[PDB]
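Shown below, as C-alpha cells, is a lone chain in the form solved without its partner chain; questions about how it binds or moves come after it.
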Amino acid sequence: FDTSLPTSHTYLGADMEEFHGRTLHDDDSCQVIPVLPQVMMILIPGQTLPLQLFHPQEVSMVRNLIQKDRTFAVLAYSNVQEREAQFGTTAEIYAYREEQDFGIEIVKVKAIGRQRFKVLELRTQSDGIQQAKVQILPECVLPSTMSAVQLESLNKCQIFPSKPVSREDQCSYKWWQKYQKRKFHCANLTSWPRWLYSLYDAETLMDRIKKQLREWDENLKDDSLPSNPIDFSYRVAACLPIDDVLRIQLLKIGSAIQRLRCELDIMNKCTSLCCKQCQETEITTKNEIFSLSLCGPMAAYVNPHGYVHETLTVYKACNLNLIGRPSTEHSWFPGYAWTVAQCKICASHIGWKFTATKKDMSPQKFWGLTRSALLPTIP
C-alpha cells in the first residue's frame, strides 16, 4: 500500500491533541530536563518515537511536562546498563492523549528528537524520575573547502544549473563531471587533485548516498530526502541496520560532512545480517530490504505493553519458524496481520510475518525484523 500510513501510528490512536513544535536551546547551556525510564535506545534527531506509558509516575511526569516546555531526554545507553550513559537526544512532544480504558491512567505519546547533548551528572529524585544535567552540543557547519583559496576572479562560475529531469542514462555522469571540473577549478593552485576535493564535498556525498539508496525506493530528489545537509545526514543515519556502537559513534560526529563520509563507509562495508544468539542466517542479503514507509527502511513502533520494537522491513527471510494464526489486532501496518516469527535454532523472537488480506497488494512476505536481535554479521 502507500507509504504515508506507517508514519502516523494510527494503531496507537486517532484523536491526538497535536502542538506546533517550537522549542530550541542555544548551543552551550546547562539545562535540567527529565528522563523517562524504561526506554533504552539511541534516538537520532528528527526521528519519531511512539510511547505508551502506563506507570502512574511516568504518566504524572508527562502530564506536568505537557503544561511546561514539552521536552525530555532520551539517553543513549551504552553497552553498560544501570544509568551508564554519556550521550543522548532531546525529544519534543507533539502528540498526546489519555484513555481511561480498564481504569488506570493510560497515556499515549509521540515525540521526535530535536537536539544533541552530553551528560554531566544524573541527579536522581526520590519520586522515581531522575533529572539530567546535560550540555547541548552545537550543530557546527564548516565552510566550503574552496572558499579558503577561491580566486576573486573565479566567483561567478559557481552557480550551477538545476538538475535536469532525474535519474536518466548519461544524465548523471556527464553532468557531474562538468560540475566537478567547473566548481573545483582552483584545485590546481593547491597540491591535491580535483577528485580528492570532490571526496570532501557536500552535495557530492549527498548524491552518492542518494544513488546508493535509490535501490530501496523511488523517492523524488526534489522532496523526501531533505536538501539540508544536517537533516539529510540524520535521516540517512536513522534508516540503516547496524549495531548500537556505530549509532553512538555516528551521534558523536559533529560536522555533517564527517557523518556523511562515515555513513558512506559503513554503507559500503555492510553486507549481511544475522541472529544475535547464533552463527549464521539467510537474511544475509542486505540488498533485499525495502522501505514500505516514508521514514525509511526502519521506524520506531510501540506494542500494546509499551515496548518499542524498532522494525526493519524485508521482503524475504529464512531460518524462522511461524507459529499462530495471522492475527491483526494491533497491526502496525493497517492492511496486514502478524504471525510472530521465531528463530529456528536458539528459539529467540525475531520479527513478524505480515500476511495480507486483499488482492491488489503483496499477498505474503513483508517481514518486519526487530533491531534488538539482528547482528550485522558482515564478514
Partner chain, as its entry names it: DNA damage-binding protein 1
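Positions refer to the first chain, counted from 1.
Here the subject shifts to the form deposited with its partner chain bound, a form of this protein not shown in this document.
The stretch that touches its partner chain in the deposited bound form, counting heavy atoms within 4.5 Å, is 181-189, out of 181-189, 104-112, 88-96, 291-299. Using a 4.5 Å cutoff between non-hydrogen atoms, residue 145 counts as a contact of its partner chain in the deposited bound form. Looking at residue 159, you'd find a heavy atom of it within 4.5 angstroms of its partner chain in the deposited bound form. Looking at residue 152, you'd find a heavy atom of it within 4.5 angstroms of its partner chain in the deposited bound form.
Its partner chain in the deposited bound form is approached by residue 257, whose closest heavy atom lies within 4.5 angstroms of it. The contact residue chosen from 287, 124, 177, 228 relative to its partner chain in the deposited bound form is 177, the criterion being a non-hydrogen atom within 4.5 angstroms.
A heavy atom within 4.5 Å of its partner chain in the deposited bound form is found for exactly one of 210, 235, 261, 247: 261.
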